[PDB]
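Asker: Here it is, the structure, as structure tokens.
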Amino acid sequence: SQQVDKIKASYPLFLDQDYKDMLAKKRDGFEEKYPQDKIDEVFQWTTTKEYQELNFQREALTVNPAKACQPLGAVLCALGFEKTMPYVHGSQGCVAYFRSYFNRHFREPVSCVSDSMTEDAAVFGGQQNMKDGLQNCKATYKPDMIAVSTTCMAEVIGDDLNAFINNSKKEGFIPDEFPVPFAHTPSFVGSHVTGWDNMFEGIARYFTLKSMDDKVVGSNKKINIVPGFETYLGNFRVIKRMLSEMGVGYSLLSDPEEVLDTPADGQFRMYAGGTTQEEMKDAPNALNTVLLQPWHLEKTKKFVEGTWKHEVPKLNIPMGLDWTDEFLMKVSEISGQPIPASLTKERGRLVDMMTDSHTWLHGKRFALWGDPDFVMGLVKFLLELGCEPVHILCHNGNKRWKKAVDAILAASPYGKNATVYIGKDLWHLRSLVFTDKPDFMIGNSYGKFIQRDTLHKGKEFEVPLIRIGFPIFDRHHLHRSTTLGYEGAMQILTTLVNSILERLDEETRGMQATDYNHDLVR
Amino acid sequence: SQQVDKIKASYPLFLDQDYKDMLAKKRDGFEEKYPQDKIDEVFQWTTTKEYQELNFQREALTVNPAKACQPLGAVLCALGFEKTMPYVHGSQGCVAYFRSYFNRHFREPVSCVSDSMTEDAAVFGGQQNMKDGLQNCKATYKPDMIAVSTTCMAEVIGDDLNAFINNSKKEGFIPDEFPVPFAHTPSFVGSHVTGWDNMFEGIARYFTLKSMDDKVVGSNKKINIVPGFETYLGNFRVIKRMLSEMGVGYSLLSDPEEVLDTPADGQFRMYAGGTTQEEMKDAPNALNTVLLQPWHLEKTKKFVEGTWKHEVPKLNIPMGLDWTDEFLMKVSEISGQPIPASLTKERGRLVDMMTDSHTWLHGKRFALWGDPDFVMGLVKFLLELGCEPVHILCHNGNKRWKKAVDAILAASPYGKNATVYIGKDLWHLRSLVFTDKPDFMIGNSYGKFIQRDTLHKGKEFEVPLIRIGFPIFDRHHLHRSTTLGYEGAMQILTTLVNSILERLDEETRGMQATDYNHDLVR
Amino acid sequence: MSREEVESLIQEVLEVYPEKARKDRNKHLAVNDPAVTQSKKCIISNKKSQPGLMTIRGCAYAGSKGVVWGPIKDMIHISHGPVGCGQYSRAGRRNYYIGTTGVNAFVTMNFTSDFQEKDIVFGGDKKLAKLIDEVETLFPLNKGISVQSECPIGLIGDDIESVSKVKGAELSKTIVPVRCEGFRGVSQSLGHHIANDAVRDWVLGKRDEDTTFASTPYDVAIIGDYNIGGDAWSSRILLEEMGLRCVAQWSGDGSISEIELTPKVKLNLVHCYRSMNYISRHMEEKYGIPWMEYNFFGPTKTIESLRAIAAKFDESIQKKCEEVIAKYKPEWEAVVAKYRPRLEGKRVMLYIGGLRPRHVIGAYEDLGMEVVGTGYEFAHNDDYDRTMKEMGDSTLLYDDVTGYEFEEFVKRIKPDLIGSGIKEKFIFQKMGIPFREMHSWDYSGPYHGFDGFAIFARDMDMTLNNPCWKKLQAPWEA
Amino acid sequence: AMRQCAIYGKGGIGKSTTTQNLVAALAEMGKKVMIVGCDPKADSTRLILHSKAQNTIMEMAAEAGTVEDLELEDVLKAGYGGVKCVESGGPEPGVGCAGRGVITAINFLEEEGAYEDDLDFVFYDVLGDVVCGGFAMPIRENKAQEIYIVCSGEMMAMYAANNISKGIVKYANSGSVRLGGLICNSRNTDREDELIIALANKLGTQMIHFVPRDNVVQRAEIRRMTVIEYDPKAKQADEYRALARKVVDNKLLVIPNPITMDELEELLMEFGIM
Ligand SMILES: Nc1ncnc2c1ncn2[C@@H]1O[C@H](COP(=O)(O)OP(=O)(O)O)[C@@H](O)[C@H]1O
Ligand code: ICS
Ligand code: CLF
Ligand code: CLF
Ligand code: ALF
Ligand SMILES: [Fe+3]
Ligand SMILES: [Fe+3]
Ligand SMILES: [Mg+2]
């Protein structure tokens, strides 16, 4: 029953007595459910150390992974280019999932097409699918470029993308001069960040491999910036703003911020902004190429050093204080422009915020997960703040990345209790936060479930989730935030300290019980 | 006892068994307090409607006021001028309190001096205090201008600021040309915003009143912007950014953002930035003067219309979509510059966020309080989002402001259940949120206590606090936020929708009880 | 360093003042020398602040309402006058209490008469009576009303005593009029004195003709402990762990019942001499209750004070004190063994109100830290007399230091850590010097007793050794 | 036009009565005048309005919220001969703070534009005991230009006039306010005129029209009017006409050089004996 004045959605409609009675009767009479005592005992067992040992002995089963497949990152990278349609050779369910994922994260339209390879296409190959799909996409959505990635089925059967696109061009399905960069993106290799790297390398080599004779390094006096897999629009914006204030000429290749942040003014823009084709053509003329997230831009690094002949600098992701300083100083040493006073003042204001908040930040223990470069930057910044990143999980990390992060932890007194896990999923991490409880965990929306689980052990065991990373589905407009540069460090610091303070306020809100510490001034 | 490995601060030190036993024994033996049943009965009574009637019949007692006294606003206004020392004629305890208040809100140094009027100065007048204080302050802190306000004692005894400063100048305590603007700021009249208005009017007439002969309106082709009492640095920044993007020449008088956001680089800067004296001298030459918060800039409006001969536009505070649009169109019609495409795109992105979040925002009921212009802007924006501002409280509001806000509510279908209270304190609002419960309350840090009180009636009656306004003491770096313009509206929308979503996540976190609605995707 | 250089530093700092201000301020700065018997020749204090010099001092209202009266839980304290004072003083001081706020406790609430212009012109006595009636109607569980005067009340001669008497008789309530108008005195010290006199005249004598309280020989009352961060509690658990019965706490977590029961106790343990020595002397000379100064800052001072207090009782109390010392010895020893190596040899400068500038020196020295500069906002001659026996040789002493003076002293001395209030914190944080709030404990604490010592050492190490202080200079600058 | 005068002097020396009679004389000469009473006793406009001015700025402001809600027409009322009359309100004796009320009332008059054009004179009748800065509100900058001190041959009256001059000195140096002269109200003392003239010379000023003590004033004021309304042809009415004429044609505006207590005693021995 409902009252027309106050209408209850599912919560709290299904807390009504009739609905509770119905659910109890359903479970009692037809579900054959385990007894509540058995369920409680099994949950308590799952929160134990022996269960964690069993969990970490897993070899074949993955539970709640913290990664996606390559073509998602390929689609994002392709989206970062002007009037470019992402085109995934393979089955259409993949494209539907990629679009839904990015739609839920960004709350914006995400354009991507499939060539709809069915069983007959699996058996006979996707040549006809490629020809018809390229023709249909170009005629329907009028892109100036079609960037081709693959689903797992086309990678298993060896659908040769190069041959398929070439045959499409020579047979008149698409114009011969129409740019169709391609990249093999096997979903059973690496992760979504690997797909981003592969797609970017494909686009770069499409626009630069053959026409290298007339290229001389530095002739355009710009700096190439490769962002990598990035889902914070403020990160693109902050890199652009810091380079603009610095008087540095730059070329941000794969810039998707405009297409993912279009206005609602009565019309739908399928394409907006993005790296122009001329930018990629002229990229070899740059003074140098700086990789924003080098640890999933290895293939791009090999191509840039071996083909464009750019001495790509060894820079960590510009996250936190020290690494933003290093990034700015390297940009200075490359372009010859000095670091301006506005950037110095922004750095000083970040330092002032750190001094203002160190008492609440110091000693705080964290479990964090995400992509390797983001995770490493977060670890470095947390060490800068005096926090303890006790659990550091990277599902798609590798041994060398683990070595680098271990060396970073060894250089700080606040990395003594820190452990780096690679190839582990969020079930491992839920065990980790049960058996060695941190104060907070930082990660994407999936971590919410871990928080729920911790709250079931009790309020004193609950590990609150701080939502930084990808994807964030249960909050609105957090994709607009920043994590790079001094501005990103300021936003992260504000989020961390205010999460701590809100947690403390909640834990001291009980009148005559804990409100003696419910201080107005913190 | 303490474990050296894990040291407990007061929370949760005093939850230990020995401390709990000590507190219980102290209460039983020596406190002679009311029985817990009696305390529960009285609390339940205070949450009732009859108690609210008794509360709203109050005529003499104020409990938890949502306002401050005039000299606080005078000090804030004076701080927005270059190398200007705020100087409060009267008792030094006032200056200590103003400085502590602003230090806790901004987490920054706040420079202000007193002439330390004691009982002998109260009886004989503080003319010697004025002479010695002006001389000492100028010799010690070398300000380029000393801006003089008053405490209540100097206003009661009629300390003639003009005569005192003039005598100090003629007797050689301070140079005759040294600028010493003054304003009478009685704490028993108006509130802190009135003090801001009074101080600004005094500073304006000090630099402009006697030299109006060689002034012609529009000759500098600039626009005067008066911000009023503003404690969000992002508001100054957004007004500056929006005017400079528009290509409009502007002069923001009383700009304190630099002095309240100095960097930590091994140096303490007592002064930084601020409106120069030449800007105030040239202000009568402007095309027009726009008052950002007109409802506490009445004296400034009268002076600017009657002395500078500027036809001050009838503009509401540039908060929310419609009023930011009106502000931009008025600035365009004054300066002659068109609204640029970047501002239009920012407005469109605001609209996109509104459409992305309307389902969660729509129908939400709010109790809010603060200064009149900020409160009115919040009410207008909440109406734009489809929210219901049911309890609109403004302690320092007046009848005309109440009528304007009532007319605003009548123009929208979402203002039907809204009531505007003026002269009511936060105890009135505690009663209001107990008897007509909103979903959230928006206000400064004091509202936290109301939240505590609501949580004592039960978790279902708890009204969470959203911290927007002044002062904010229990969170860090919120003073850096923005509330004006499209950017401020975006920040407010993000805060509101994510507060709603975090509340819903908390209410659906109970496994097997309410977690059926613990959705990953919201 | 060296008695001569610091004197030269004092003269150089004073050089910028006008001659009157320089002549005044020279008498408020000194170099410590334990060869001095009376601080009158050394340093003078408790004098008028020089105008326009940006002093740190508060007012008598701050010393009365904000310090002494405010912490009392079950009493409602009304800031009589305009709205500013109570609003700025609302919950700025962390005098911790246990109660139900708004029902039977009111500490963090701001009760005010909110004087308008007509209240100044025509008087506020009728408004005060109506306010008392409204307080009764809306807060019926309050156990006392105090009326803290602000500046206009003192100026216009409002007869708050008459209102208090009439309304108290009419309602059988204790209504205490406090003439703590801010312009009286020179600082919070006269606020302390006025508040103590109000307690003596209106509260302390209510149970004089009452013998229904059972008194044990081990009855002590804690005086001048305001439960900052739970300080008093951390202190109290020690005393009652050595057999003593803590009848009263003044005034942090304090009830009016405890103040009324104070004359029934046998000993008065004064923590803050400066704020409550007046009432301690009054009770000594009226009820014959001896009072002793103690100190619960750091293990050395805590043990010394516990043994001194035990020596005033039977052998059972002394055995219980010894067992308390032996029980808590490993914990503070572990705290030292953990945090002293991180803090040994670090120099600290202090500037707090009237007791802590000298009381916490032992706690710092327990961690190998040397206090090179100290000073008071509002201490008297006797406070500096007590300070000389605690400060080291050739250490800077300042009274009512100005912002300029203290900034220059810090620049020259270059201490590793500064302990002062909220109005110096961000100034010295921007100079790259670790800062600890020594009033509010930087929203941490307690610092009293052994648990307080553990927290204090943790905070000192956390702020002193924070990595942020190594990042003040941008790497692209020399 | 627009001459702003402030009437001060020893308590009860006859400031209100002389001010009202002088204002009546000035208004009978076609001069537009306005009387502002800065005494919480709103008794400085009774002989002009023929009744006690019940409506005062402070009382109206307290009744009607604050002073901003007020209107001039509710406190500014005409009387005999076009004399506009306003009164600053005040508490009953022994309570509140009347100086703050005077400050607020005068600020309200300034802000509401009571000082319009076609107003030749504005007379601020102030109380005799200037106890605070508030009652010096009339002699603030740009408020009153001339100060008239009513005195008499009594030692206390001359001491009060000298003390008032000492208080004036700070405002006179701060602004452009000066001492026009010493109006003398006769108290029938030995060498009254000699004492007033000597004191005025010592202060650096003049004695303007020593006014005789006559009961026609008492009669006229008990009939709720000035002498001009009561007996225009009486001797004291002509004396008030002469006082008005001497006020109009006055140019001795000086900063007083007040004399110490010793010099005052020498003046009393020199001119107060025989
Ligand atoms: N020239 C005068 N002749 C007779 N009586 C006078 C004269 N001047 C003043 N008075 C009387 O002396 C008394 C003094 O009252 P008032 O004029 O109000 O003095 P003040 O305004 O200084 O307080 C009045 O009653 C008045 O009738
Ligand atoms: S009362 Fe005094 S200024 Fe003795 S007014 Fe002040 S809570 Fe200080 S050095 Mo704030 S004489 Fe207490 C003090 Fe000391 S408020 Fe606290 S810390 S021990
Ligand atoms: S149509 Fe359907 S969703 Fe597509 S793959 Fe095939 S079953 Fe699966 Fe899978 S890992 Fe990624 S999303 Fe694909 S490329 Fe393969
Ligand atoms: S020294 Fe002390 S704090 Fe100052 S006033 Fe006086 S009692 Fe109070 Fe009050 S309302 Fe504001 S803060 Fe003052 S100007 Fe008056
Ligand atoms: F007694 Al008066 F002016 F009325 F001196
Ligand atoms: Fe800061
Ligand atoms: Fe959208
Ligand atoms: Mg008179």
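Every chain in the structure tokens takes a letter, A first, then B, and so on in the order presented; its residues are numbered from 1, and the ligands are numbered from 1 following the presented order.
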Can you tell me, as a ChimeraX atom specification, what residues are no more than 10 Å from segment 56-67 of chain D when counting only C-alpha atoms, ignoring any on the same chain fewer than 2 positions away?

Answerer: /B:189 /C:116-119,121-122 /D:37,40,42,53-54,69-72,74-76,86-91,98,100-102,104-109

Asker: Those residues you just picked out, can you put them in a file as a CSV table (one decimal), in the first residue's frame with N, CA, C and O atoms?

Answerer:
```csv
chain,number,residue,atom,x,y,z
B,189,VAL,N,23.7,46.9,16.6
B,189,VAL,CA,22.9,47.3,15.5
B,189,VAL,C,23.3,46.3,14.3
B,189,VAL,O,24.4,46.1,14.1
C,116,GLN,N,20.0,45.0,21.3
C,116,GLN,CA,19.8,45.9,20.2
C,116,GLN,C,20.0,47.3,20.7
C,116,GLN,O,20.3,47.6,21.9
C,117,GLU,N,19.8,48.3,19.8
C,117,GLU,CA,20.1,49.7,20.2
C,117,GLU,C,19.2,50.2,21.3
C,117,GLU,O,19.6,50.9,22.3
C,118,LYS,N,17.9,49.8,21.2
C,118,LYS,CA,16.9,50.2,22.3
C,118,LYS,C,17.3,49.6,23.6
C,118,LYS,O,17.0,50.2,24.7
C,119,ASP,N,17.9,48.4,23.7
C,119,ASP,CA,18.4,47.9,24.9
C,119,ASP,C,19.5,48.7,25.5
C,119,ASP,O,19.6,48.8,26.8
C,121,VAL,N,19.9,52.0,24.9
C,121,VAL,CA,19.3,53.4,25.2
C,121,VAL,C,18.4,53.3,26.5
C,121,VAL,O,18.5,54.2,27.3
C,122,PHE,N,17.6,52.3,26.5
C,122,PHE,CA,16.6,52.3,27.6
C,122,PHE,C,16.9,51.3,28.7
C,122,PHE,O,16.1,51.1,29.6
D,37,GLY,N,16.1,69.0,20.3
D,37,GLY,CA,16.3,68.9,21.7
D,37,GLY,C,17.2,67.6,22.0
D,37,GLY,O,16.7,66.5,21.7
D,40,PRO,N,17.2,64.0,27.2
D,40,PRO,CA,16.2,63.0,27.3
D,40,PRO,C,14.9,63.5,27.9
D,40,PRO,O,13.8,62.9,27.6
D,42,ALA,N,12.4,65.7,27.0
D,42,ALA,CA,12.0,66.4,25.8
D,42,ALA,C,11.2,67.7,26.1
D,42,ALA,O,10.1,67.9,25.6
D,53,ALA,N,6.2,67.5,23.7
D,53,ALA,CA,6.3,66.7,22.5
D,53,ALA,C,6.3,65.2,22.9
D,53,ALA,O,7.3,64.7,23.2
D,54,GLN,N,5.1,64.6,22.8
D,54,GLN,CA,5.0,63.2,23.2
D,54,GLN,C,5.8,62.3,22.3
D,54,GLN,O,6.5,61.4,22.8
D,69,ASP,N,12.9,52.4,10.4
D,69,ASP,CA,11.5,52.3,10.0
D,69,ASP,C,10.8,53.7,10.2
D,69,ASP,O,9.6,53.8,9.8
D,70,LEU,N,11.4,54.6,10.9
D,70,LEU,CA,10.7,55.9,11.2
D,70,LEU,C,10.6,56.8,10.0
D,70,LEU,O,11.3,56.6,9.0
D,71,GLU,N,9.8,57.8,10.1
D,71,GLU,CA,9.7,58.8,9.1
D,71,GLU,C,9.8,60.2,9.8
D,71,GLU,O,9.5,60.4,11.0
D,72,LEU,N,10.3,61.2,9.0
D,72,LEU,CA,10.5,62.5,9.6
D,72,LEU,C,9.2,63.1,10.1
D,72,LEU,O,9.1,63.8,11.1
D,74,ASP,N,6.7,62.0,11.3
D,74,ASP,CA,6.2,61.5,12.6
D,74,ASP,C,6.9,62.0,13.8
D,74,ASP,O,6.5,61.9,15.0
D,75,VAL,N,8.1,62.7,13.6
D,75,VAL,CA,8.9,63.3,14.7
D,75,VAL,C,9.1,64.8,14.5
D,75,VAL,O,9.3,65.5,15.4
D,76,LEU,N,9.1,65.2,13.2
D,76,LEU,CA,9.3,66.6,12.9
D,76,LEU,C,8.0,67.2,12.7
D,76,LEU,O,7.3,67.0,11.7
D,86,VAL,N,11.8,69.0,16.7
D,86,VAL,CA,12.0,67.6,16.9
D,86,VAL,C,12.7,67.5,18.3
D,86,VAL,O,13.4,68.4,18.8
D,87,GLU,N,12.6,66.3,18.8
D,87,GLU,CA,13.2,66.0,20.1
D,87,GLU,C,13.8,64.6,20.1
D,87,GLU,O,13.2,63.6,19.7
D,88,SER,N,15.1,64.5,20.5
D,88,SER,CA,15.7,63.2,20.8
D,88,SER,C,15.0,62.6,22.0
D,88,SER,O,14.8,63.3,23.0
D,89,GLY,N,14.7,61.3,21.9
D,89,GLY,CA,14.0,60.7,23.0
D,89,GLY,C,15.0,60.4,24.1
D,89,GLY,O,16.1,60.9,24.1
D,90,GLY,N,14.6,59.5,25.1
D,90,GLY,CA,15.5,59.1,26.1
D,90,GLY,C,14.8,58.2,27.1
D,90,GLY,O,13.6,58.2,27.2
D,91,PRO,N,15.6,57.5,28.0
D,91,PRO,CA,15.0,56.8,29.0
D,91,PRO,C,14.5,57.7,30.2
D,91,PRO,O,14.8,58.9,30.2
D,98,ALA,N,21.3,57.6,27.8
D,98,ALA,CA,20.7,58.7,27.0
D,98,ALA,C,21.6,59.2,25.9
D,98,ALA,O,21.1,59.7,24.9
D,100,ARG,N,23.7,57.6,24.0
D,100,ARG,CA,23.6,56.8,22.8
D,100,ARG,C,22.3,57.1,22.0
D,100,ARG,O,22.2,57.1,20.8
D,101,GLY,N,21.2,57.4,22.8
D,101,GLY,CA,20.0,57.8,22.2
D,101,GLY,C,20.1,59.1,21.4
D,101,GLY,O,19.6,59.3,20.3
D,102,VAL,N,20.8,60.1,22.0
D,102,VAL,CA,21.1,61.3,21.3
D,102,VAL,C,21.9,61.1,20.0
D,102,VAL,O,21.6,61.7,19.0
D,104,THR,N,22.0,58.4,18.2
D,104,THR,CA,21.2,57.7,17.2
D,104,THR,C,20.1,58.7,16.6
D,104,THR,O,19.9,58.7,15.4
D,105,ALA,N,19.5,59.5,17.4
D,105,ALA,CA,18.5,60.5,17.0
D,105,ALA,C,19.1,61.5,16.0
D,105,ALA,O,18.6,61.8,14.9
D,106,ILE,N,20.3,62.0,16.3
D,106,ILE,CA,21.0,63.0,15.4
D,106,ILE,C,21.4,62.3,14.1
D,106,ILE,O,21.3,62.9,13.0
D,107,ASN,N,21.9,61.1,14.2
D,107,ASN,CA,22.2,60.3,13.0
D,107,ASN,C,21.0,60.1,12.1
D,107,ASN,O,21.1,60.2,10.9
D,108,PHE,N,19.9,59.8,12.8
D,108,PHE,CA,18.6,59.6,12.0
D,108,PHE,C,18.2,60.9,11.3
D,108,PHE,O,17.8,60.9,10.2
D,109,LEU,N,18.3,62.0,12.0
D,109,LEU,CA,18.0,63.3,11.4
D,109,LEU,C,18.9,63.6,10.2
D,109,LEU,O,18.4,64.1,9.2
```

Asker: Taking only C-alpha atoms into account, report as a PyMOL selection string which residues of chain B lie within 8 Å of chain A.

Answerer: chain B and resi 10-11+15+104+107+261-265+345-353+356-357+445-446+448+452-453+455-456+473-477+494+497-498+501+508-511+514+517+519-522

Asker: Taking a cut-off of 8 Å and counting only C-alpha atoms, can you build a table that, for each residue of chain C near chain A, reports the nearest atom pair and how far apart they are in Å (one decimal), sorted by chain then residue number, as CSV?

Answerer:
```
residue,atom,partner,partner_atom,distance
C:91,CA,A:520,CA,6.3
C:92,CA,A:521,CA,6.7
C:94,CA,A:519,CA,7.4
C:96,CA,A:516,CA,5.7
C:97,CA,A:516,CA,5.9
C:98,CA,A:512,CA,5.7
C:99,CA,A:512,CA,5.0
C:100,CA,A:512,CA,5.4
C:101,CA,A:511,CA,7.4
C:229,CA,A:517,CA,7.9
C:426,CA,A:356,CA,7.8
C:429,CA,A:355,CA,6.8
C:430,CA,A:352,CA,7.0
C:443,CA,A:522,CA,6.1
C:459,CA,A:359,CA,7.9
C:462,CA,A:362,CA,6.9
C:463,CA,A:359,CA,6.9
C:466,CA,A:386,CA,6.7
C:467,CA,A:384,CA,6.5
C:468,CA,A:355,CA,6.4
C:469,CA,A:355,CA,7.8
C:471,CA,A:351,CA,7.2
C:472,CA,A:351,CA,6.7
C:474,CA,A:344,CA,7.2
C:475,CA,A:325,CA,7.2
C:476,CA,A:329,CA,7.2
```

Asker: How would the residues just picked look written out with N, CA, C and O atoms as a tab-separated table (two decimals), in the first residue's frame?

Answerer:
```tsv
chain	number	residue	atom	x	y	z
C	91	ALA	N	31.88	27.33	22.26
C	91	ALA	CA	32.57	26.06	22.01
C	91	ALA	C	33.94	26.25	21.37
C	91	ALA	O	34.38	25.42	20.57
C	92	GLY	N	34.62	27.34	21.70
C	92	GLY	CA	35.97	27.54	21.22
C	92	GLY	C	36.98	26.89	22.15
C	92	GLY	O	38.11	26.61	21.75
C	94	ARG	N	37.85	23.68	24.68
C	94	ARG	CA	37.48	22.26	24.76
C	94	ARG	C	37.46	21.78	26.21
C	94	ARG	O	38.11	20.82	26.59
C	96	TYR	N	35.86	19.69	28.42
C	96	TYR	CA	35.04	18.52	28.16
C	96	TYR	C	34.08	18.24	29.32
C	96	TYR	O	34.39	18.48	30.49
C	97	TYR	N	32.91	17.71	28.98
C	97	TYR	CA	31.89	17.42	29.97
C	97	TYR	C	31.07	16.23	29.53
C	97	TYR	O	31.03	15.88	28.34
C	98	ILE	N	30.40	15.60	30.49
C	98	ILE	CA	29.46	14.52	30.24
C	98	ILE	C	28.07	15.04	30.57
C	98	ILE	O	27.82	15.50	31.69
C	99	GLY	N	27.17	14.96	29.60
C	99	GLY	CA	25.80	15.39	29.82
C	99	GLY	C	25.02	15.34	28.53
C	99	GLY	O	25.53	14.96	27.47
C	100	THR	N	23.75	15.73	28.64
C	100	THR	CA	22.83	15.79	27.50
C	100	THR	C	22.64	17.26	27.16
C	100	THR	O	21.91	17.98	27.85
C	101	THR	N	23.28	17.70	26.08
C	101	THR	CA	23.31	19.12	25.75
C	101	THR	C	21.93	19.61	25.33
C	101	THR	O	21.26	19.00	24.50
C	229	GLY	N	40.39	18.67	26.59
C	229	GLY	CA	40.64	17.37	26.01
C	229	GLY	C	40.48	16.22	26.98
C	229	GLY	O	41.02	15.14	26.74
C	426	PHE	N	49.25	29.65	12.39
C	426	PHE	CA	49.44	29.68	10.94
C	426	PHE	C	50.56	30.63	10.55
C	426	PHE	O	51.25	30.38	9.55
C	429	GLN	N	53.51	28.38	11.15
C	429	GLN	CA	53.49	27.29	10.18
C	429	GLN	C	53.97	27.77	8.82
C	429	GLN	O	54.63	27.02	8.10
C	430	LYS	N	53.64	29.01	8.45
C	430	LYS	CA	54.11	29.54	7.18
C	430	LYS	C	55.59	29.89	7.20
C	430	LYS	O	56.19	30.01	6.13
C	443	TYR	N	43.33	20.21	19.24
C	443	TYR	CA	42.17	19.33	19.14
C	443	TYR	C	42.52	17.88	19.43
C	443	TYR	O	41.90	16.96	18.89
C	459	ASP	N	51.96	13.54	19.88
C	459	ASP	CA	51.69	14.77	19.14
C	459	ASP	C	52.97	15.55	18.87
C	459	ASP	O	53.15	16.09	17.77
C	462	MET	N	54.72	13.78	16.13
C	462	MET	CA	53.96	13.85	14.89
C	462	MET	C	54.15	15.19	14.20
C	462	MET	O	54.34	15.25	12.98
C	463	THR	N	54.09	16.28	14.96
C	463	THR	CA	54.23	17.60	14.35
C	463	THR	C	55.69	17.95	14.10
C	463	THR	O	56.02	18.47	13.03
C	466	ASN	N	57.12	15.81	11.11
C	466	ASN	CA	56.29	15.65	9.93
C	466	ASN	C	57.09	15.96	8.66
C	466	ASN	O	57.88	16.91	8.64
C	467	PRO	N	56.91	15.18	7.59
C	467	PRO	CA	57.65	15.45	6.35
C	467	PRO	C	57.32	16.79	5.70
C	467	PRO	O	58.14	17.30	4.94
C	468	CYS	N	56.15	17.37	5.99
C	468	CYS	CA	55.75	18.61	5.34
C	468	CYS	C	56.76	19.72	5.56
C	468	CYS	O	57.00	20.53	4.66
C	469	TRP	N	57.38	19.76	6.74
C	469	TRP	CA	58.34	20.82	7.05
C	469	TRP	C	59.59	20.75	6.19
C	469	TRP	O	60.35	21.72	6.16
C	471	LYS	N	59.37	20.42	2.94
C	471	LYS	CA	58.90	20.72	1.59
C	471	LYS	C	58.54	22.19	1.42
C	471	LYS	O	57.84	22.54	0.47
C	472	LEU	N	59.00	23.05	2.32
C	472	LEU	CA	58.59	24.45	2.27
C	472	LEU	C	59.18	25.17	1.06
C	472	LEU	O	58.52	26.02	0.45
C	474	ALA	N	60.52	25.42	-2.75
C	474	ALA	CA	60.39	24.78	-4.05
C	474	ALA	C	61.76	24.34	-4.56
C	474	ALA	O	62.75	25.06	-4.40
C	475	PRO	N	61.86	23.15	-5.17
C	475	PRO	CA	63.17	22.65	-5.60
C	475	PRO	C	63.85	23.52	-6.65
C	475	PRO	O	65.08	23.45	-6.78
C	476	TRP	N	63.10	24.33	-7.39
C	476	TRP	CA	63.68	25.23	-8.38
C	476	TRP	C	64.07	26.58	-7.79
C	476	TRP	O	64.12	27.57	-8.52
```

Asker: Would you mind telling me which residue in D:133, D:212, D:93, D:128 lies nearest to ligand 5 when using only C-alpha atoms and all ligand atoms?

Answerer: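 Among the listed residues, D:128 lies closest to ligand 5.
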
Asker: Could you tell me which of D:217, D:25, D:264, D:273 comes closest to ligand 1 if we count only C-alpha atoms and all ligand atoms?

Answerer: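 So, comparing all the options, the nearest one is D:217.
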
Asker: Select the residues contacting ligand 5 at a distance of at most 12 Å, based on only C-alpha atoms and all ligand atoms, then format the selection as a ChimeraX atom specification.

Answerer: /D:7-20,37-46,124-130,135,149-151,157,160

Asker: Just want the residues within 9 Å of ligand 2, written as a VMD selection string, counting only C-alpha atoms and all ligand atoms.

Answerer: chain C and resid 57 to 58 62 to 64 66 to 68 93 to 95 187 to 189 191 to 192 224 to 228 252 271 to 276 351 to 359 376 to 379 420 to 421 437 to 441
